[PDB]
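>>> Provided hereafter are the protein sequence and its experimental coordinates.
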Amino acid sequence: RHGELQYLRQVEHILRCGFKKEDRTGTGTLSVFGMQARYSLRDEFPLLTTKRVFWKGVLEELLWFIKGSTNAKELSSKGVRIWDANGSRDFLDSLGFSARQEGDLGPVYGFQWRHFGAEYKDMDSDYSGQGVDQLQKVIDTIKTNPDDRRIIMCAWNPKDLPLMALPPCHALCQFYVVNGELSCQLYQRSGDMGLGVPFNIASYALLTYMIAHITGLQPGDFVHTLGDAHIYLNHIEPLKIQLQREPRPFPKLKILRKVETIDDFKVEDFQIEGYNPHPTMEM
Amino acid sequence: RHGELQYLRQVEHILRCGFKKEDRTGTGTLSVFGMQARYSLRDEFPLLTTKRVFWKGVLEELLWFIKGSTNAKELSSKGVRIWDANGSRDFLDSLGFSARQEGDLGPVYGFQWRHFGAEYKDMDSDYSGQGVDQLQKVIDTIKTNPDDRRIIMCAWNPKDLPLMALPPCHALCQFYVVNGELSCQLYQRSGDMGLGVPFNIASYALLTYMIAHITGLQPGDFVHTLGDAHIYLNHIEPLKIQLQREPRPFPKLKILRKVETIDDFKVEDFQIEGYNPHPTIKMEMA
Ligand SMILES: O=c1nc(NO)ccn1[C@H]1C[C@H](O)[C@@H](COP(=O)(O)O)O1
Ligand SMILES: O=c1nc(NO)ccn1[C@H]1C[C@H](O)[C@@H](COP(=O)(O)O)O1
């Protein structure tokens, strides 16, 4: 009944039925290919309670995508340092991006969402009016033709892949309207169940709350679809302890004023209410 | 537990729990957003048995994608007419492409799979060496780095959307290797459960058979993920008839020689063995 039970049941499934599968680093995982969960967004927000999620992170990252930034420093400046390693001098240099300034992640989410198909130069270039503004397109469609079955925002851009500091885990999302309610489905190609997935659910849930607010709809479901769902072998023992915790009721997300456009949202517009995660995993 | 039961349980779910949702066509639907089924490809091929699926069409269509064609006439010449209406004068005209030659679907699957990001001109243009050959990239990666979590072919191209005769229902697919087995997940954004979906499952299961053959792996699973899964209101009675039929075991798919490149497959190289479906059920197209 509690929606977090689906996440825990996925983790239980990978622990019990997953296959050992080597991976790009070399730490090894247990893996299952193809999973799906549905998190209701109706009068609650799916911010996992069996372990704390970095909400400040979720929110600032999402605001950073929306402004179309591809500078890790513009995020880091908000106290959210999750993308900093990927834009470091040594990391960029290792990919052959010696000409880039530190921070320049290349044409990642912000760019694809706002400027798909534009020619990326650097993180400081002016791309005003260039490419497809997928995010505004989705919002426009939801308002004018909510029954449309093509309401997609796609970060996966095969042309641009070699220029990105890393390829996106969240390949595309799709939006859906029925009965005054906005749903979102994420196709996530690769999910670290222990460390990444709870954050990723909160992210796409928050986007859906944001879009539903500006289009005058209510949040429906967040449908989480995974490709390689995995648990790193060093996360097994912590997840078994986590798996013994009963979820606390999900918190509520409140939007504190009437916001007209997606660009106008600010950190202060949001309040998480009644979040009571169980107390205290390496990447 | 017969794999076709998942498809039938999806249809039953939509019939029972779907919402009525108007659509672009005006016929209306019952719809659910977000579904997933897994079809084993291990010593069986998921060609549905509760009605007859147009296998010839599945095979010719996929071959046609593979060679990069965006010319409906080139598929029609094989006796497979499923794209002809999309390339017709009247339809191209309605979309505003009156300068376009009849048959010219614009930058659809074949172009995206073989030339992603190239500048489309017309269906007769020479695109050799232009854009990203995603199909070949996926094959290459499967061979050189089977654990890669980025093995994706994406037909959804927001830049090209406005030039396409129709936007792709199959937005992307991802491949996955473990234990000597090749799996594929399709993200299908919109599924006509009556007419489209059984054909679509066969398409991607066949694609997976083809790639596993080329990369020397065994087919694993086909995971079918749907966005707007819908039943047109006029398919309801035909599907209620179908839901009464008990599935028969799935057929086997045989590949009849060693093929070394995906471009070298021909219709003659495939044999469906033991396909014993219940009769065709006819359903009016939206
Ligand atoms: O769960 C994840 N969520 C992300 N959100 O931005 C990013 C990454 N991941 C995980 C999935 C894999 O563990 C790893 C990415 O490695 P890849 O799948 O090899 O590209 O990080
Ligand atoms: O199920 C489908 N499979 C296709 N495979 O190529 C193509 C189309 N369809 C269905 C889904 C919708 O009923 C219709 C396309 O309409 P749209 O989702 O409104 O773009 O055809």
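Yep, it's here. Numbering: from 1, shown residues only, chains lettered A, B, ... in the order given. Ligands and ions are numbered 1, 2, ... in the order given.
>>> If we go by neighbour counts, what in stretch A:46-60 is buried?
A:46, A:47, A:48, A:49, A:50, A:51, A:53, A:55, A:57, A:58, A:59, A:60 (16 or more other Cβ atoms under 10 Å in any protein chain shown). For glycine as for every other residue, the C-beta is placed from the backbone atoms N, C-alpha and C.
>>> Can you show me the helices along the stretch 51-200 of chain A?
Ranges of helices within the stretch 51-200 of chain A are A:55-66, A:72-76, A:89-94, A:109-115, A:134-144, A:197-215, based on DSSP state H, counting those that start in this stretch.
>>> I'd like to know which of the ones you listed lies nearest to ligand 1.
Across the helices of the stretch 51-200 of chain A, ligand 1 has its closest neighbour in helix A:197-215 (5.0 Å, Cβ to the nearest ligand atom).
>>> Using CSV, write out every CA atom in that closest one.
The C-alpha trace of helix A:197-215 is given here as CSV (Å, rounded to 0.1, in the frame of the first residue of the first chain):
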residue,chain,number,x,y,z
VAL,A,197,17.4,5.9,-7.7
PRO,A,198,15.7,7.6,-4.6
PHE,A,199,17.1,10.9,-5.7
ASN,A,200,16.0,10.3,-9.4
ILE,A,201,12.4,9.5,-8.3
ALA,A,202,12.2,12.7,-6.3
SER,A,203,13.6,14.6,-9.2
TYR,A,204,11.0,13.5,-11.8
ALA,A,205,8.2,13.7,-9.2
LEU,A,206,9.2,17.3,-8.5
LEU,A,207,9.2,18.1,-12.2
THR,A,208,5.8,16.7,-12.6
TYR,A,209,4.6,18.9,-9.5
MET,A,210,6.2,21.9,-11.2
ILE,A,211,4.6,21.3,-14.6
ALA,A,212,1.2,20.4,-13.1
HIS,A,213,1.3,23.7,-11.2
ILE,A,214,2.0,25.8,-14.2
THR,A,215,-0.6,24.0,-16.5
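>>> what about that helix, near ligand 1?
Yes: using Cβ under 6 Å from any ligand atom, a contact is recorded between helix A:197-215 and ligand 1, made by A:197, A:200.
>>> The next helix or strand after that helix: which residues count as buried?
Where DSSP states H and E defines the elements, the next helix or strand beyond helix A:197-215 is strand A:218-232. Within strand A:218-232, the residues that qualify as buried are A:219-232, counting by 16+ other Cβ under 10 Å.
>>> Strand A:218-232 pairs with which strands?
Paired with strand A:218-232 in the same sheet, following DSSP bridges, are strand A:29-40 (antiparallel), strand A:181-192 (parallel).
>>> what angle separates the last one from helix A:134-144?
This means strand A:181-192. 150 degrees (axes from the mean of the first three to the mean of the last three Cα atoms, to 10 degrees).
>>> could you check the angle helix A:197-215 makes with strand A:181-192?
Going by the same axes, to 10 degrees, strand A:181-192 makes 160 degrees with helix A:197-215.
>>> For the nearest residue to residue A:161 once chain neighbours are set aside, list the residues it contacts.
The shortest distance from residue A:161 to any non-neighbouring residue, by Cβ to Cβ, 6 or more residues apart in numbering or on different chains, is to residue A:167 (5.6 Å). Shown in contact with residue A:167 (Cβ atoms under 8 Å, 6 or more residues apart in numbering or on different chains): A:156, A:161, B:150.
>>> The first one - how many residues pack around it?
Right, the one you point to is residue A:156. Residue A:156: 23 surrounding residues under other Cβ atoms under 10 Å in any protein chain shown.
>>> Please name the residues that touch residue A:268.
Applying Cβ under 8 Å, 6+ apart, the residues contacting residue A:268 are residue A:256.
>>> could you pick out which of the contacts of residue A:167 are near ligand 2?
Counting by Cβ under 6 Å from any ligand atom, no member of the contacts of residue A:167 reaches ligand 2.
>>> on that earlier part again, Serialize the strands paired with strand A:218-232 to JSON lines and add fields for mean neighbour count.
Shown next, in JSON lines, are the strands paired with strand A:218-232 (neighbours: other Cβ atoms under 10 Å in any protein chain shown):
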{"stretch": "strand A:29-40", "mean neighbour count": "22"}
{"stretch": "strand A:181-192", "mean neighbour count": "24"}
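>>> ok so, going back, now the two most distant members of the buried residues of stretch A:46-60.
A:50 and A:60 (23.4 Å; Cβ to Cβ).
>>> who in chain A is up against ligand 1?
Residues of chain A found near ligand 1 (Cβ under 6 Å from any ligand atom) are A:24, A:167, A:169, A:190, A:191, A:192, A:196, A:197, A:200.
>>> try 8 Å this time
A:23-25, A:29, A:166-170, A:188-193, A:195-197, A:199-200, A:203, A:228, A:230, A:232 (Cβ under 8 Å from any ligand atom).
>>> dump the residue contacts of residue A:209.
A:41, A:45, A:219, A:253, A:255.
>>> Show me which pair in those residues is furthest apart.
Longest distance between any two of those is 12.7 Å, between A:41 and A:255; criterion Cβ to Cβ.
>>> quick one: which of those two has more around it?
residue A:41 (25 against 15).
>>> beta partners for the residue nearest to the more buried one when sequence neighbours are not counted?
Excluding the flanking residues, the one nearest residue A:41 by Cβ to Cβ, 6+ apart is residue A:219, at 3.4 Å. Residues found in beta-bridge contact with residue A:219 (criterion: DSSP bridges) are residue A:182.
>>> swap in residue A:178?
Taking DSSP bridges as the rule, residue A:178 bridges to residue A:181.
>>> distance of it from ligand 1?
Distance of residue A:178 to ligand 1, given as Cβ to the nearest ligand atom, to the nearest Å: 28 Å.
>>> ok, now which ones touch that residue?
Applying Cβ under 8 Å, 6+ apart, the residues near residue A:178 are A:220, B:19, B:21, B:31, B:33.
>>> Got phi/psi on the residue nearest to residue A:161?
With angles defined as degrees, to the nearest 10, residue A:167 sits at phi -80, psi 150.
>>> residue in chain A nearest to ligand 1?
When scored by Cβ to the nearest ligand atom, chain A has residue A:196 as its residue closest to ligand 1, at 2.3 Å.
>>> neighbours of the residue nearest to that residue when sequence neighbours are not counted, just the number please.
Spatial nearest neighbour of residue A:196, excluding adjacent residues (Cβ to Cβ, 6+ apart): residue A:169 at 7.1 Å. Using other Cβ under 10 Å, residue A:169 has 20 neighbouring residues.
>>> Likewise for residue A:277?
18.
>>> Looks like residue A:227 contacts residue A:172 (just checking).
No: between residue A:227 and residue A:172 there is no contact under Cβ atoms under 8 Å: 11.6 Å.
>>> Touching both of these two, which residues are there?
In contact with both residue A:227 and residue A:172: residue A:187, using Cβ under 8 Å, 6+ apart.
>>> residues contacting the closest residue in space to residue A:170 that isn't next to it in sequence?
Nearest residue to residue A:170, sequence neighbours excluded (Cβ to Cβ, 6+ apart): residue A:188, at 5.4 Å. Counting by Cβ under 8 Å, 6+ apart, residue A:188 touches A:169, A:170, A:171, A:197, A:200, A:224, A:225, A:226, A:227.
>>> how about a cut-off of 7 Å?
Going by Cβ atoms under 7 Å, 6 or more residues apart in numbering or on different chains, residue A:188 touches A:169, A:170, A:200, A:224, A:225, A:226, A:227.
>>> what does residue A:247 give?
Neighbour list for residue A:247: A:2, A:4, A:5, A:49, A:50 [criterion: Cβ under 7 Å, 6+ apart].
>>> Now it: which helix or strand?
Per DSSP H and E, there is no helix or strand for residue A:247.
>>> Pull the number of nearby residues for whichever residue of the stretch 1-150 of chain A sits closest to ligand 2.
Residue of the stretch 1-150 of chain A nearest ligand 2, by Cβ to the nearest ligand atom: residue A:149 (3.4 Å). A count of nearby residues for residue A:149, using other Cβ under 10 Å, gives 22.
>>> Residue A:91 now?
Per other Cβ under 10 Å, the neighbour tally for residue A:91 reads 17.
>>> Having no further points to raise, I will conclude here.
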